[PDB]
Amino acid sequence: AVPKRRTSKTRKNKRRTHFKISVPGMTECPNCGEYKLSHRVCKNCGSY
Amino acid sequence: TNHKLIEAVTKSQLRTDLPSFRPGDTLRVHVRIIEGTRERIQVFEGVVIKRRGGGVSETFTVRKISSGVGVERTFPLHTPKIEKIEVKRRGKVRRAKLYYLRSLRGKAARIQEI
Amino acid sequence: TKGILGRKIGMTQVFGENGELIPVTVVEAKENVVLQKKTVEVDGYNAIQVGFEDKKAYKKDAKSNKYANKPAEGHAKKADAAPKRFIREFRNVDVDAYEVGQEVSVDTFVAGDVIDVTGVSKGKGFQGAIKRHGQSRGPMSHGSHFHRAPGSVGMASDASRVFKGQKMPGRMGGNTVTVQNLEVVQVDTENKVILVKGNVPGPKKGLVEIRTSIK
Amino acid sequence: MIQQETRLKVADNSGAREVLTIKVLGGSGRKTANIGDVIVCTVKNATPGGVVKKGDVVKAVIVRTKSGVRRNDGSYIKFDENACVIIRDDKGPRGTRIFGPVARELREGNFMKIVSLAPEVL
Amino acid sequence: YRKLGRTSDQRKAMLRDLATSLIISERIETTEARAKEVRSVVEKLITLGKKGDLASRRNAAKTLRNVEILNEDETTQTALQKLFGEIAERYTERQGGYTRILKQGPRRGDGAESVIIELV
RNA sequence: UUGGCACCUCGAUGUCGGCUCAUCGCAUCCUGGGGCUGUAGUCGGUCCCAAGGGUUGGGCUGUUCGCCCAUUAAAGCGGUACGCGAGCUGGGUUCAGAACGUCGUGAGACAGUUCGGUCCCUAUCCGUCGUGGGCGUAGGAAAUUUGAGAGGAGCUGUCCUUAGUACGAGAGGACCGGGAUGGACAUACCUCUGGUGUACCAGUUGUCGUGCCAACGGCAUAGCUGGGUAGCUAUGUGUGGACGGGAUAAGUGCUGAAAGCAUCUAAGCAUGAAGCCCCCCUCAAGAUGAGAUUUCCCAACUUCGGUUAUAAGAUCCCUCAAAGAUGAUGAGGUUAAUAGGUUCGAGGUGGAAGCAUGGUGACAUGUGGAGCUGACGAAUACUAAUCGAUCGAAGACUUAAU
Ligand SMILES: [Mg+2]
């Protein structure tokens, strides 16, 4: 139950290929033109 | 209701010649026994213990004492094997299922009429 | 010989001629339409494709499988039919007794046939070795620490490996299963329902492929 | 559902007042039995006298159980106690009477002398 | 239904307390899961309020907490009285709804999708 | 197996039984086919072909083993570090305590007994069971697919009939085939029998609180107790291993010579098993050989495509569950029943509250199968799926026909 050997830099960088953050679901707000998250209330204006 | 197609396809199997009763009523159910080479009738007599979901799937249970040995028969309510059910006498209970009669014998299992 | 696409509605019971309780499943087969007639020289094997249910027609900006897409509208309009939801095909049938565009009706089945119902099982999700594989689990007392896990997965130095097919935890369900030698108790032509003795695979609101026993 | 190491009452005047079972005949690995099934058993309480005496090994038939039986029409017959009757290796009883009700399913198993010498067939 | 990562007694209590607070304030801020679960409770209480018969009053008293509101001009009345005198009239003609929900961005301390559940 | 050798391992290769899980050989325990017999058939014995499947539950010992009690068609023999402890136990054995018998003057000792005696580890790699993303399949897509292969099953009893027939002084007593039911085991499902059902109904104890009686809430394992819907389930319900082909094994032959006879063999040609292949269930074109069918999409700048953005199609995002660890799958996003609410109903519980009557009271009766009712069925846009964004073709050569 211990690592029998090192994980080389190649293996490391390989495993984390799919480890990333997604760009937010952002759309432009119709009253102010600033971006907002879709289905949420704009925090700059306060609309829909 | 239940699903409409379930209720439609099984409406013809429902019996209507049957009376209305409730748990606690003591009654006489008659049954076509096709034993031997004859369709005889055995008048089964008991106390209704419970009954379940509607449709062809309603089933009721009746309890009696044969030789000091409790016997209970569950019957589908709409079984065509029952000729008739007579509520021989009514019964004042306060449950919908009467499981608590499996531990009593004699006057302890008493029921008031109406 | 016969085949119909349907979906499972539930189970009930019917009483038989001699009083017997018959356990039954209600299946709803409606507007089954033939959409093609596969042929040996055109496709290499003779069979017919049946579409079941009814989707809505194409609309611009559809966001769900409720409405047909342009690709499917075309396939169904070549059989002058409405877009359908489930499409399967049958090989046991005689391709020449069917025409591209006919309705397959519940009455194809008479009372007392022998049919095979092929559906998909209900999903149980990720499960362990005792529910998924029927394994006896270990002692629950006498100082045991082996309650439900699977036992040895192999031997020792000989086969210093786990062999393929070792029955271990994972997803259960989502498998095509064919129950065989069921029969139909009644066919109702107005509500469009084929009643089949016994029970069939799948969740309620599923899909079953009834055809004639191959045995 | 009757399996080995299950104590049953005897419903007969064989001598045995109460017995327990060892096997359920009928198949390798057979584990349970219901009305109409034969079991090997050894009495544990005998009457003073009687033909069967305490500590004997005997064939016997189940006549009533608490689990009870489904009948082909969806009718179920259940009972308030397990019970059994000794047999003479010919589907015949060892005693001369038989106490208590009996289930109709014993008619099929050709335990007819058991069904004929019974207070109530059910 | 949902469990909200909490036991039964602690949830029963949280749901009824959150419903009471909503009734007091007419719009509150909380996480999606609990808004989605208080929606039904508050909607059903308002139904108990659209009848106003003593039976429904007594039965709605089960859920609401006992709180006092100081209205304008130092007028005081409790949550039951509000429900049955100021909210029954507002929704006498509407046959559902009674509430809306406006998703908001994630909070800072967690990634919880805060929302505002308001009486419509 | 008991050994012999001392070749790897003492900077550690946990050793015996049992549990869980098996897997493989066949010198086969049962089942299938046969030659036989000092085989009349049932009986048994012997040998051959056969490994597809199957090959119990207990009492006694730490025991393997063995004996015994009941069964079964049978209760097979072995390999796998005397399979398997980073899967489990720790009874035996092998630490320190103690004690008896024996040996020793003694400290102590005995593979002589006896009672007691800490089983650690968050899985990196290969392996294995599931489940995603990328890319390739000479355009981009939606659906239906053949099957190269691969996996799973594969067991068998009793009764009746033929038939009390053959065969039998008798006593006993089918072969075949043809019916009917089981055991075990695998699957699917909740209609029935039950189980559970911690946001359903009801009764009840102590105590605190909404001033107060009545009503109700908090806590006491959900305080307890009786029920119980959906879901999930077996012990419950169906289903399955049914036929039937093709090639064979031991074996049985036919015609037939070397060797004018013979003779199963050499030519050839027959028959013959739970065995082989197909047949039956499931997965399967990453089957880089990347397959097939139907449909959908089809322009216009180039200054020469190493080209935008768009089709057809999806996704982002959001309401969800017949699906689910997550992601996937599937039902839906206003041109909308996807979920919540509202209305009606199924099922469950069992006679709500307030009244009036009767009782000293504890209570009872009518209103009124009333009241309540989580997932279950239907209708209804009342509330939320409002707005928007992103990805995604323009189809290579060569040769032959056209
Ligand atoms: Mg080392």
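Each remark here, short or long, concerns the structure printed above.
Residues numbered from 1 in each chain as written, not as in the entry; some residues may be left out. Chains lettered and ligands numbered in written order. Part of a larger assembly, values for the part shown. Heavy atoms only, no water. Residues with missing side-chain atoms left out of burial classes, pairs and counts.

Undergrad: I'm lost on the packing of helix α1 (residues 8-25) of chain E against helix α2 (residues 32-51) of chain E in this one. Help?
TA: Two quantities define a packed helix pair, namely the angle between the axes and the distance from one axis to the other. All names here are of chain E. At a minimum axis distance of 9 Å, the contact between α1 and α2 shows a crossing angle of 70°. For the element pair α1 / α2, the angle class is roughly perpendicular. Handedness of the crossing formed by α1 with α2: right-handed. For the pair formed by α1 and α2, the contact residues are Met14, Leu15, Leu18, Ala19, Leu22 and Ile23 on the first element and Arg34, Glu37, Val38, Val41, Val42 and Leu45 on the second. Looking at the contact of α1 with α2 residue by residue, the classes come out as 10 nonpolar, no polar and 2 charged. (Axes fitted to C-alpha atoms, helices over the stretch in contact; angles between N-to-C directions. Helix = DSSP H or I, 4+ residues; strand = E, 2+ residues; numbered from the N terminus. Parallel < 35°, antiparallel > 145°, perpendicular 65-115°, else oblique. Left-handed = near helix turned anticlockwise from the far one by under 90°. Contact = heavy atoms within 4.5 Å. Nonpolar A, V, L, I, M, F, W, Y, C, P; charged D, E, K, R; others polar.)

Undergrad: Quick question: what am I supposed to make of the nonpolar core here?
TA: Core analysis: the biggest nonpolar cluster contains 24 residues, and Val42, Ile46, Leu64, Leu83 and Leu119 of chain E have the highest contact counts within it. Counting residues per element, the ones that place at least two in this core are α1, α2, α4 (79-87) and β5 (113-119) of chain E. It is α1 of chain E that provides the largest number of residues to this core, a total of 6 residues. The residues touching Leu64 of chain E, leaving out its near neighbours within four places in the chain, are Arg16, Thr20, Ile23, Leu45, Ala79, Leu80 and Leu83 of chain E. One finds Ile4, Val50, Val95 and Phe109 of chain C within the second-largest nonpolar core, a separate group that totals 23 residues. (Core = buried A, V, L, I, M, F, W, Y, C linked by side-chain atoms within 4.5 Å. Buried < 20%, exposed > 50% of the residue type's maximum accessible area, 1.4 Å probe, protein only.)

Undergrad: For this particular structure, what's the right way to read the sheet that holds strand β7 (residues 115-120) of chain C?
TA: The pairing of strands in a sheet comes from backbone hydrogen bonds and takes either a parallel or an antiparallel form. Residue and element names in this part refer to chain C. Pairing within the open sheet is antiparallel, and its 7 strands lie in the order β10-β7-β13-β1-β2-β12-β11. At either end of the open sheet lies a strand with only one pairing partner, and these are β10 (176-182) and β11 (184-188). Geometrically, the sheet is characterised by an average inter-axis angle of 35° between neighbouring strands, direction not taken into account. Sheet topology note: the β7/strand β13 (residues 208-212) ladder contains 4 bridges and is antiparallel. The partner of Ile115 across the bridge, within β13, is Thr212. (Pairing = 2+ DSSP bridges.)

Undergrad: Would you take a moment to explain a positive patch on the surface for this structure?
TA: A cluster of basic side chains, namely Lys122, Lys124, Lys131, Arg137, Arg148, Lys204 and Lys205 of chain C, defines a positive patch on the protein surface. Residue position: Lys122 of chain C is located in the loop between β7 and β8 (125-127). (Patch = residues over 30% accessible without salt bridge, like charges linked within 9 Å, V, L, I, M, F, W, Y side chains within 5 Å. Areas by Shrake-Rupley, 256 points an atom, 1.4 Å probe, with all protein chains shown as cover. Salt bridge = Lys/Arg side-chain N within 4 Å of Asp/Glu carboxyl O. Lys, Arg positive; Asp, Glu negative; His and termini not counted. Charge placed at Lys NZ, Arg CZ, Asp CG, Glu CD.)

Undergrad: Sorry if this is basic, but what is going on with the protein's contact with RNA strand F here?
TA: In the vicinity of RNA strand F, 147 residues are found, and the nearest of them are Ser38 of chain A, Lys97 of chain B, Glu89 of chain C together with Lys36 and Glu43 of chain E. Protein-proximal atoms of RNA strand F, defined as those within 4 Å of the protein, fall in sugar or phosphate at a share of 75%. Contact between RNA strand F and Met168 of chain C: a sugar or linking oxygen at 3.2 Å from a main-chain N or O atom of the residue. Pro201 of chain C is positioned such that a nitrogen or oxygen atom in its backbone is 3.4 Å from a sugar or linking oxygen of RNA strand F. (Near = heavy atom within 4 Å. Polar contact = N/O pair within 3.5 Å; in protein donor to acceptor, adjacent residues only side chain to side chain.)

Undergrad: Would you mind going over the pairing of strand β1 (residues 7-10) of chain D with me for this structure?
TA: A regular strand places its side chains so that they alternate between the two faces of the sheet. Residue and element names in this part refer to chain D. For β1 and strand β2 (residues 16-24), the ladder comprises 3 bridges, and the chain directions are antiparallel. Residue pairing for β2: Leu8 is matched across the bridge by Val19. Hairpin connection, β1 to β2: the antiparallel pair is bridged by 5 residues, and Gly15 has positive phi, about 130°. By the bridge criterion, 2 bridges tie β1 to strand β7 (residues 83-86) in an arrangement that is parallel. Paired with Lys9 across the bridge in β7 is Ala83.

Undergrad: Just to check I follow, could you spell out the environment of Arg89 of chain B for this structure?
TA: Residues and elements named next belong to chain B. Tracing the sequence through the fold places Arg89 in strand β5 (residues 82-89). Judged by its relative accessible area of 24%, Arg89 is partly exposed. Along the backbone, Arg89 and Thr26 are 63 residues apart, and their C-alpha atoms lie at a distance of 5.7 Å. Here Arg89 is in contact with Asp25, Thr26, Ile111, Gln112 and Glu113, once residues within four sequence places are set aside.

Undergrad: Looking at this structure, I do not really get the pattern of salt bridges. What am I missing?
TA: Side chains that differ in sign of charge can pair as their charged atoms come close. This model, assessed by the stated rule, comprises 32 salt bridges over all chains. Residue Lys2 of chain C is joined to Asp113 of chain C by a salt bridge in which the shortest nitrogen-to-oxygen separation is 2.8 Å. Of this pair, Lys2 of chain C sits in the segment before β1 (3-15) while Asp113 of chain C sits in the loop between β6 (103-104) and β7, and the two are 111 residues apart along the sequence. Ionic pairing is found between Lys36 of chain E and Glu32 of chain E, a salt bridge with its closest N-O pair at 3.7 Å. Pair noted here: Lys36 of chain E and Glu32 of chain E are both in helix α2, with a separation of 4 residues, about one helical turn. Judged by relative accessible area, which is 24%, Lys36 of chain E ranks as partly exposed.

Undergrad: Explain the interface of chain D and chain B to me, please; I cannot follow it from the model alone.
TA: It is common to give the size of an interface as the accessible area that goes away when the parts come together. Facing 19 residues of chain D, the contacting portion of chain B comprises 18 residues. Put simply, the parts of the chain that give the side of chain D that touches chain B at least two residues each are β6 (76-79) and β9 (120-121) of chain D. Here the side of chain D that touches chain B gets 4 residues from one element, more than from any other, and that element is β6 of chain D. A per-class count over the side of chain D that touches chain B returns 7 nonpolar, 3 polar and 9 charged. Pairing of strand β4 (residues 70-76) of chain B with β6 of chain D, which is carried by 4 bridges, proceeds in the antiparallel orientation. Within the sheet, the bridge partner assigned to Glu72 of chain B lies in β6 of chain D and is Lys78 of chain D.

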